[PDB]
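Student: Have a peek at data.pdb (PDB, C-alpha atoms and all ligand atoms).
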ATOM      1  CA  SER A   1      -6.294 -10.586 -15.984
ATOM      2  CA  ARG A   2      -6.509  -6.813 -15.521
ATOM      3  CA  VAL A   3      -9.237  -4.656 -14.149
ATOM      4  CA  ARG A   4      -9.704  -1.165 -15.502
ATOM      5  CA  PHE A   5     -10.746   1.675 -13.175
ATOM      6  CA  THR A   6     -11.539   5.279 -14.062
ATOM      7  CA  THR A   7      -9.825   8.298 -12.547
ATOM      8  CA  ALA A   8     -13.195   9.499 -11.343
ATOM      9  CA  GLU A   9     -14.047   6.386  -9.429
ATOM     10  CA  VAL A  10     -10.554   6.042  -7.924
ATOM     11  CA  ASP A  11     -10.557   9.687  -6.825
ATOM     12  CA  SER A  12     -14.031   9.360  -5.236
ATOM     13  CA  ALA A  13     -13.157   6.149  -3.408
ATOM     14  CA  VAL A  14      -9.784   7.463  -2.236
ATOM     15  CA  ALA A  15     -11.453  10.630  -0.881
ATOM     16  CA  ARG A  16     -14.009   8.582   1.077
ATOM     17  CA  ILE A  17     -11.659   5.908   2.337
ATOM     18  CA  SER A  18      -8.796   8.235   3.212
ATOM     19  CA  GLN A  19     -11.205  10.157   5.406
ATOM     20  CA  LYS A  20     -12.639   7.073   7.047
ATOM     21  CA  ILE A  21      -9.327   5.557   8.062
ATOM     22  CA  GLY A  22      -7.037   8.561   8.481
ATOM     23  CA  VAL A  23      -4.607   7.980   5.662
ATOM     24  CA  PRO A  24      -3.796  10.996   3.490
ATOM     25  CA  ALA A  25      -5.299  10.928  -0.011
ATOM     26  CA  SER A  26      -2.016  12.261  -1.351
ATOM     27  CA  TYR A  27      -0.316   8.995  -0.379
ATOM     28  CA  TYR A  28      -2.720   7.082  -2.649
ATOM     29  CA  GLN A  29      -2.219   9.680  -5.349
ATOM     30  CA  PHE A  30       1.502   8.925  -5.226
ATOM     31  CA  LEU A  31       1.376   5.148  -4.923
ATOM     32  CA  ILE A  32      -1.325   4.243  -7.472
ATOM     33  CA  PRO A  33       0.388   5.569 -10.625
ATOM     34  CA  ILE A  34       3.699   4.083  -9.497
ATOM     35  CA  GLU A  35       2.281   0.584  -9.196
ATOM     36  CA  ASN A  36      -0.224   0.401 -12.049
ATOM     37  CA  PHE A  37      -0.692   0.943 -15.748
ATOM     38  CA  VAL A  38      -1.709   4.555 -16.299
ATOM     39  CA  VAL A  39      -4.053   4.906 -19.218
ATOM     40  CA  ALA A  40      -6.109   7.811 -20.562
ATOM     41  CA  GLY A  41      -8.793   8.404 -17.963
ATOM     42  CA  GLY A  42      -7.643   5.855 -15.402
ATOM     43  CA  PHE A  43      -5.646   2.789 -14.498
ATOM     44  CA  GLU A  44      -5.337  -0.868 -15.287
ATOM     45  CA  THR A  45      -4.296  -3.150 -12.496
ATOM     46  CA  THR A  46      -3.112  -6.732 -12.636
ATOM     47  CA  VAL A  47      -5.418  -9.165 -10.807
ATOM     48  CA  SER A  48      -3.828 -12.413 -11.797
ATOM     49  CA  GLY A  49      -0.605 -13.964 -10.593
ATOM     50  CA  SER A  50       1.313 -13.165  -7.445
ATOM     51  CA  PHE A  51       0.940  -9.390  -7.062
ATOM     52  CA  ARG A  52      -2.503  -8.008  -7.468
ATOM     53  CA  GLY A  53      -4.593  -4.953  -7.398
ATOM     54  CA  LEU A  54      -3.947  -1.285  -7.011
ATOM     55  CA  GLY A  55      -1.513  -1.965  -4.165
ATOM     56  CA  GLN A  56       0.178  -4.848  -5.903
ATOM     57  CA  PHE A  57      -0.106  -7.009  -2.785
ATOM     58  CA  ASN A  58       1.041 -10.555  -2.546
ATOM     59  CA  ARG A  59      -1.231 -13.077  -0.841
ATOM     60  CA  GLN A  60       0.914 -13.320   2.269
ATOM     61  CA  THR A  61       0.799  -9.580   2.930
ATOM     62  CA  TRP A  62      -2.944  -9.319   2.124
ATOM     63  CA  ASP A  63      -3.638 -12.179   4.481
ATOM     64  CA  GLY A  64      -1.286 -10.594   7.008
ATOM     65  CA  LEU A  65      -3.661  -7.622   7.187
ATOM     66  CA  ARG A  66      -6.605  -9.936   7.700
ATOM     67  CA  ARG A  67      -4.660 -11.619  10.539
ATOM     68  CA  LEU A  68      -4.641  -8.209  12.352
ATOM     69  CA  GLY A  69      -8.418  -8.115  12.380
ATOM     70  CA  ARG A  70      -8.806  -5.851   9.351
ATOM     71  CA  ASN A  71     -12.060  -6.664   7.642
ATOM     72  CA  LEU A  72     -11.029  -7.358   4.088
ATOM     73  CA  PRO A  73     -12.409  -9.735   1.527
ATOM     74  CA  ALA A  74     -10.244 -12.665   0.521
ATOM     75  CA  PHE A  75      -7.121 -11.805  -1.476
ATOM     76  CA  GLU A  76      -8.502 -12.963  -4.836
ATOM     77  CA  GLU A  77     -11.763 -11.059  -4.396
ATOM     78  CA  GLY A  78     -10.576  -7.879  -2.677
ATOM     79  CA  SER A  79      -7.620  -7.246  -4.999
ATOM     80  CA  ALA A  80      -9.894  -7.037  -8.014
ATOM     81  CA  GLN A  81     -12.167  -4.628  -6.120
ATOM     82  CA  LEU A  82     -11.702  -0.885  -5.911
ATOM     83  CA  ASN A  83     -12.722  -0.258  -2.307
ATOM     84  CA  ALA A  84     -11.101  -3.312  -0.718
ATOM     85  CA  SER A  85      -7.812  -2.712  -2.512
ATOM     86  CA  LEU A  86      -7.787   0.893  -1.295
ATOM     87  CA  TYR A  87      -8.600  -0.129   2.265
ATOM     88  CA  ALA A  88      -5.730  -2.649   2.142
ATOM     89  CA  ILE A  89      -3.203  -0.029   0.979
ATOM     90  CA  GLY A  90      -4.313   2.198   3.853
ATOM     91  CA  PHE A  91      -4.360  -0.491   6.500
ATOM     92  CA  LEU A  92      -0.824  -1.388   5.541
ATOM     93  CA  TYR A  93       0.181   2.281   5.677
ATOM     94  CA  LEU A  94      -1.185   2.470   9.206
ATOM     95  CA  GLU A  95       0.692  -0.626  10.407
ATOM     96  CA  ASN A  96       3.869   0.693   8.807
ATOM     97  CA  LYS A  97       3.431   4.143  10.324
ATOM     98  CA  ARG A  98       3.292   2.541  13.767
ATOM     99  CA  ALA A  99       6.356   0.410  13.048
ATOM    100  CA  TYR A 100       8.334   3.317  11.662
ATOM    101  CA  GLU A 101       7.437   5.654  14.504
ATOM    102  CA  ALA A 102       8.613   3.077  17.053
ATOM    103  CA  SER A 103      11.870   2.320  15.169
ATOM    104  CA  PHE A 104      12.719   5.931  14.280
ATOM    105  CA  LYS A 105      11.549   8.181  17.088
ATOM    106  CA  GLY A 106      11.358  11.877  16.340
ATOM    107  CA  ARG A 107      11.107  11.465  12.560
ATOM    108  CA  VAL A 108       8.290  11.961  10.051
ATOM    109  CA  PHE A 109       6.678   8.996   8.280
ATOM    110  CA  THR A 110       6.784  10.615   4.849
ATOM    111  CA  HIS A 111       5.009   9.321   1.755
ATOM    112  CA  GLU A 112       8.370   8.264   0.390
ATOM    113  CA  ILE A 113       9.106   6.215   3.506
ATOM    114  CA  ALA A 114       5.593   4.789   3.552
ATOM    115  CA  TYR A 115       6.050   3.585  -0.004
ATOM    116  CA  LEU A 116       9.494   2.121   0.836
ATOM    117  CA  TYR A 117       7.760   0.145   3.592
ATOM    118  CA  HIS A 118       4.940  -0.881   1.223
ATOM    119  CA  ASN A 119       7.291  -2.050  -1.483
ATOM    120  CA  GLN A 120      10.082  -3.654   0.537
ATOM    121  CA  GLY A 121       8.006  -4.781   3.501
ATOM    122  CA  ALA A 122       8.583  -3.451   6.984
ATOM    123  CA  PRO A 123      11.464  -5.695   8.046
ATOM    124  CA  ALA A 124      13.481  -4.910   4.925
ATOM    125  CA  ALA A 125      12.568  -1.222   4.887
ATOM    126  CA  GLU A 126      13.698  -0.801   8.518
ATOM    127  CA  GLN A 127      17.059  -2.357   7.673
ATOM    128  CA  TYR A 128      17.386  -0.184   4.544
ATOM    129  CA  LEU A 129      16.849   2.964   6.611
ATOM    130  CA  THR A 130      19.043   1.883   9.528
ATOM    131  CA  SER A 131      21.847   1.089   7.060
ATOM    132  CA  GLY A 132      21.709   4.698   5.807
ATOM    133  CA  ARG A 133      20.483   3.914   2.283
ATOM    134  CA  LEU A 134      17.867   6.672   1.983
ATOM    135  CA  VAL A 135      19.277  10.022   0.871
ATOM    136  CA  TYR A 136      17.715  13.082   2.512
ATOM    137  CA  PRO A 137      17.762  16.746   1.273
TER     138      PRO A 137
HETATM  139  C1  LIG B   1      12.411  -8.140  -6.599
HETATM  140  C2  LIG B   1      11.471  -7.168  -5.949
HETATM  141  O1  LIG B   1      11.946  -6.078  -5.712
HETATM  142  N1  LIG B   1      10.258  -7.597  -5.787
HETATM  143  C3  LIG B   1       9.261  -6.784  -5.154
HETATM  144  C4  LIG B   1       8.578  -7.575  -4.050
HETATM  145  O2  LIG B   1       9.500  -7.846  -3.064
HETATM  146  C5  LIG B   1       7.438  -6.720  -3.559
HETATM  147  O3  LIG B   1       6.632  -7.417  -2.604
HETATM  148  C6  LIG B   1       6.930  -7.184  -1.226
HETATM  149  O4  LIG B   1       7.725  -8.258  -0.867
HETATM  150  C7  LIG B   1       8.226  -8.167   0.462
HETATM  151  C8  LIG B   1       9.238  -9.279   0.675
HETATM  152  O5  LIG B   1       8.614 -10.518   0.618
HETATM  153  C9  LIG B   1       7.006  -8.192   1.418
HETATM  154  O6  LIG B   1       7.540  -8.036   2.716
HETATM  155  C10 LIG B   1       6.642  -8.406   3.815
HETATM  156  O7  LIG B   1       6.181  -7.219   4.357
HETATM  157  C11 LIG B   1       5.168  -7.461   5.310
HETATM  158  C12 LIG B   1       4.462  -6.142   5.647
HETATM  159  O8  LIG B   1       5.328  -5.253   6.326
HETATM  160  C13 LIG B   1       5.824  -8.173   6.492
HETATM  161  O9  LIG B   1       4.737  -8.702   7.216
HETATM  162  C14 LIG B   1       4.633  -7.885   8.570
HETATM  163  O10 LIG B   1       5.605  -8.474   9.428
HETATM  164  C15 LIG B   1       5.625  -7.914  10.736
HETATM  165  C16 LIG B   1       6.841  -8.413  11.497
HETATM  166  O11 LIG B   1       6.732  -9.791  11.699
HETATM  167  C17 LIG B   1       4.294  -8.252  11.421
HETATM  168  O12 LIG B   1       4.263  -7.765  12.756
HETATM  169  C18 LIG B   1       3.175  -7.624  10.579
HETATM  170  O13 LIG B   1       1.885  -7.920  11.107
HETATM  171  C19 LIG B   1       3.242  -8.142   9.142
HETATM  172  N2  LIG B   1       2.237  -7.453   8.358
HETATM  173  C20 LIG B   1       1.554  -8.042   7.388
HETATM  174  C21 LIG B   1       0.541  -7.120   6.782
HETATM  175  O14 LIG B   1       1.703  -9.143   7.023
HETATM  176  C22 LIG B   1       6.566  -9.424   6.049
HETATM  177  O15 LIG B   1       7.308  -9.971   7.110
HETATM  178  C23 LIG B   1       7.486  -9.115   4.857
HETATM  179  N3  LIG B   1       8.041 -10.349   4.390
HETATM  180  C24 LIG B   1       9.308 -10.501   4.133
HETATM  181  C25 LIG B   1       9.701 -11.873   3.650
HETATM  182  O16 LIG B   1      10.138  -9.644   4.243
HETATM  183  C26 LIG B   1       6.000  -7.095   1.088
HETATM  184  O17 LIG B   1       4.850  -7.120   1.899
HETATM  185  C27 LIG B   1       5.628  -7.121  -0.423
HETATM  186  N4  LIG B   1       4.738  -6.006  -0.701
HETATM  187  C28 LIG B   1       3.487  -6.120  -0.883
HETATM  188  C29 LIG B   1       2.718  -4.866  -1.116
HETATM  189  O18 LIG B   1       2.863  -7.156  -0.887
HETATM  190  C30 LIG B   1       6.516  -6.278  -4.682
HETATM  191  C31 LIG B   1       5.473  -5.347  -4.149
HETATM  192  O19 LIG B   1       4.640  -4.862  -5.136
HETATM  193  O20 LIG B   1       7.289  -5.562  -5.612
HETATM  194  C32 LIG B   1       8.287  -6.344  -6.204
HETATM  195  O21 LIG B   1       9.062  -5.589  -7.132
END
Mind converting the file's structure to structure tokens?
Tutor:
Amino acid sequence: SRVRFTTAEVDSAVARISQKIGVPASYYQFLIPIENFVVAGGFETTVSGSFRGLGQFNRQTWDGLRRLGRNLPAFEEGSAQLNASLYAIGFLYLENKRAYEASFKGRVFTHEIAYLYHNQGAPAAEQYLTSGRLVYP
């Protein structure tokens, strides 16, 4: 119920995909080790149960991206796949960047904030920020 990926293949795919869709590679570099099992030379990612793949998506959020017109494989296929899982992380980043920039005009959508949105979901993350829960330097 896990898939193992190598550092080399993740780095290559992230470089290609980040370029294609305009999401910084450094965001992936932050998120992937946070969400997955870091092993010598790569990662293991859970592809069974409710939260799957490098992004640790649930089915409702994966399908939510597909509802937007993002071309992704089905949840159970794409989460076990390197490229699709990376596209999904990035597509979600892009939706969240738009949401954040509309809710919080004049502020930067940082990697930290992007991950807060990824992990909590946009409705909860917006409320977390509006309620003053993120500490800033
Ligand atoms: C205990 C704990 O901490 N568990 C963590 C899980 O909560 C976490 O999974 C995340 O769970 C939240 C809550 O269910 C989920 O939130 C959803 O977020 C999406 C994406 O922003 C929202 O869907 C968007 O809604 C807007 C507004 O209607 C739409 O315009 C937009 O098109 C929608 N986009 C998509 C892509 O669907 C949902 O509304 C929101 N749902 C709720 C109930 O709040 C996250 O998406 C979950 N994260 C992921 C990556 O799936 C889990 C994550 O790994 O970690 C646990 O620890």
Student: Using 3 Å of padding on each side, determine the axis-aligned box around all atoms of ligand LIG 1 (chain B) present in the file and give its centre and edge lengths in Å to one decimal, as AutoDock Vina command-line options.
Tutor:
--center_x 6.5 --center_y -8.4 --center_z 2.8 --size_x 17.9 --size_y 13.0 --size_z 25.9
Student: Can you work out which one of A:130, A:96, A:110, A:6 has the shortest atom-to-atom distance to residue 43 (chain A), counting all atoms listed in the file?
Tutor: A:6
Student: Using all atoms listed in the file, find each residue in chain A having at least one atom no more than 7 Å away from ligand LIG 1 (chain B); report its shortest atom-to-atom pair and that distance in Å (one decimal), rows by chain then rising number, as a Markdown table.
Tutor:
| residue | atom | partner | partner_atom | distance |
| --- | --- | --- | --- | --- |
| A:51 | CA | B:LIG1 | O19 | 6.2 |
| A:55 | CA | B:LIG1 | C29 | 6.0 |
| A:56 | CA | B:LIG1 | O19 | 4.5 |
| A:57 | CA | B:LIG1 | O18 | 3.5 |
| A:58 | CA | B:LIG1 | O18 | 4.2 |
| A:60 | CA | B:LIG1 | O14 | 6.4 |
| A:61 | CA | B:LIG1 | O14 | 4.2 |
| A:62 | CA | B:LIG1 | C21 | 6.2 |
| A:63 | CA | B:LIG1 | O14 | 6.6 |
| A:64 | CA | B:LIG1 | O14 | 3.3 |
| A:65 | CA | B:LIG1 | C21 | 4.3 |
| A:68 | CA | B:LIG1 | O13 | 6.6 |
| A:92 | CA | B:LIG1 | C21 | 6.0 |
| A:96 | CA | B:LIG1 | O8 | 6.6 |
| A:117 | CA | B:LIG1 | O8 | 6.5 |
| A:118 | CA | B:LIG1 | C29 | 5.1 |
| A:119 | CA | B:LIG1 | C31 | 4.6 |
| A:120 | CA | B:LIG1 | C7 | 4.9 |
| A:121 | CA | B:LIG1 | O7 | 3.2 |
| A:122 | CA | B:LIG1 | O8 | 3.8 |
| A:123 | CA | B:LIG1 | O16 | 5.6 |
| A:124 | CA | B:LIG1 | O16 | 5.8 |
Student: What does the structure give for the distance between CA of residue 102 (chain A) and CA of residue 128 (chain A), in Å to one decimal?
Tutor: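 Separating CA of residue 102 (chain A) from CA of residue 128 (chain A) is a distance of 15.6 Å.
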Student: I would like the residues chosen by the PyMOL selection byres (((chain A and resi 23) around 12) and not hetatm) on the shown file; could you give them as a PyMOL selection string?
Tutor: chain A and resi 14-22+24-29+86-97+109-111+114
Student: Which one is closest to residue 103 (chain A): A:129, A:38, A:3, A:54? Count only C-alpha atoms.
Tutor: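 Distance minimum relative to residue 103 (chain A) lands on A:129.
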Student: Which residues, written as a list in words, have at least one atom at most 9 Å from residue 9 (chain A), with only C-alpha atoms counted and residues fewer than 4 positions away on the same chain left out?
Tutor: residues 5, 13, 14, 42 and 82 of chain A
Student: Go ahead and save the picked residues with C-alpha atoms, as a PDB file, in the frame of the given file.
Tutor:
ATOM      1  CA  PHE A   5     -10.746   1.675 -13.175  1.00  0.00           C
ATOM      2  CA  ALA A  13     -13.157   6.149  -3.408  1.00  0.00           C
ATOM      3  CA  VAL A  14      -9.784   7.463  -2.236  1.00  0.00           C
ATOM      4  CA  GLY A  42      -7.643   5.855 -15.402  1.00  0.00           C
ATOM      5  CA  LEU A  82     -11.702  -0.885  -5.911  1.00  0.00           C
TER       6      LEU A  82
END
Student: Hey, what's within 10 Å of residue 73 (chain A) if we count all atoms listed in the file and toss same-chain stuff fewer than 2 positions away? As an mmCIF file with C-alpha atoms, keeping the file's coordinate frame, please?
Tutor:
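As written to disk, around-v2.cif reads:
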data_model
loop_
_atom_site.group_PDB
_atom_site.id
_atom_site.type_symbol
_atom_site.label_atom_id
_atom_site.label_comp_id
_atom_site.auth_asym_id
_atom_site.auth_seq_id
_atom_site.Cartn_x
_atom_site.Cartn_y
_atom_site.Cartn_z
ATOM 1 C CA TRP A 62 -2.944 -9.319 2.124
ATOM 2 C CA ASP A 63 -3.638 -12.179 4.481
ATOM 3 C CA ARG A 66 -6.605 -9.936 7.700
ATOM 4 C CA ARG A 70 -8.806 -5.851 9.351
ATOM 5 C CA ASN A 71 -12.060 -6.664 7.642
ATOM 6 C CA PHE A 75 -7.121 -11.805 -1.476
ATOM 7 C CA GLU A 76 -8.502 -12.963 -4.836
ATOM 8 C CA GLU A 77 -11.763 -11.059 -4.396
ATOM 9 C CA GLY A 78 -10.576 -7.879 -2.677
ATOM 10 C CA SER A 79 -7.620 -7.246 -4.999
ATOM 11 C CA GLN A 81 -12.167 -4.628 -6.120
ATOM 12 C CA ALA A 84 -11.101 -3.312 -0.718
ATOM 13 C CA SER A 85 -7.812 -2.712 -2.512
ATOM 14 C CA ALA A 88 -5.730 -2.649 2.142
#
Student: May I ask for the distance between CA of residue 44 (chain A) and CA of residue 113 (chain A), given in Å to one decimal place?
Tutor: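 Pair CA of residue 44 (chain A) / CA of residue 113 (chain A) returns 24.7 Å.
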